[PDB]
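Heads up, the sequence shown is in the authors' numbering, so the first residue is 1 and it goes up one at a time.
Ideal Cβ positions, reconstructed from N, Cα and C, are used throughout, including at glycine.
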Amino acid sequence: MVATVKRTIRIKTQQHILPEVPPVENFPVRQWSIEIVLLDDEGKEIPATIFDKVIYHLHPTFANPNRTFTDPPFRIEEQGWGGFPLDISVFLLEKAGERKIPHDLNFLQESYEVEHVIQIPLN
Numbered sequence: 001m002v003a004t005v006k007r008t009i010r011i012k013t014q015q016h017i018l019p020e021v022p023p024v025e026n027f028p029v030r031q032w033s034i035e036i037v038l039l040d041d042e043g044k045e046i047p048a049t050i051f052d053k054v055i056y057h058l059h060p061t062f063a064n065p066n067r068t069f070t071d072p073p074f075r076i077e078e079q080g081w082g083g084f085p086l087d088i089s090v091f092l093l094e095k096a097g098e099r100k101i102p103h104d105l106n107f108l109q110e111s112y113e114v115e116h117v118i119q120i121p122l123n
């Protein structure tokens, strides 16, 4: 009689470069979307060795990046002027699903997203 652990990290990134509305001189507006989802209540909500997911997006001049350990999923999509790299690192124990995937945000009509799964029912 043993338990089971199944947690997957899914991050969606999109971007849109287009003015749409005729500007007066210079008004280049772009779009951007970033969401971070994962399991916890299904794959045991208790840590073992490491288990820590840290998301990163946009320039590092920010006050604080994204973190995942005891908080709900994230999802922000709006229009603005930016365009910078974005990488997400996932951890579970040691050699279960510890992986990191880098991405970039600066292309008209971007549709780049990753989905990684992690399973550790025994070890």
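Under the assumption that residue i contacts residue j (Cβ atoms under 8 Å), give the Cβ distance between them as a whole number of angstroms.
i      : j     : result
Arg67  : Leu38 : That pair is no contact at about 12 Å.
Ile36  : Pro73 : 6 Å
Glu113 : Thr13 : 6 Å
Please state whether DSSP places residue i in a helix, a strand or coil.
i      : result
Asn123 : coil
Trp81  : coil
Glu94  : coil
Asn66  : strand
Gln31  : strand
Quick check: residue i and residue j, are their CB atoms within less than 9 Å of each other?
i     : j     : result
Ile34 : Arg99 : no
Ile55 : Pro47 : no
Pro28 : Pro22 : no
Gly43 : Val90 : no
Using DSSP bridges, identify the partner residues of residue i.
i      : result
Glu115 : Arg10
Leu86  : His57, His103
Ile46  : Per DSSP, none; premise fails for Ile46.
I need the straight-line Cα distance from residue i to residue j, nearest angstrom please.
i           : j      : result
residue 178 : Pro102 : Residue coverage of the chain in this structure runs from 1 to 123, which leaves residue 178 outside it and unanswerable.
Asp104      : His116 : 18 Å
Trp32       : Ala3   : 40 Å
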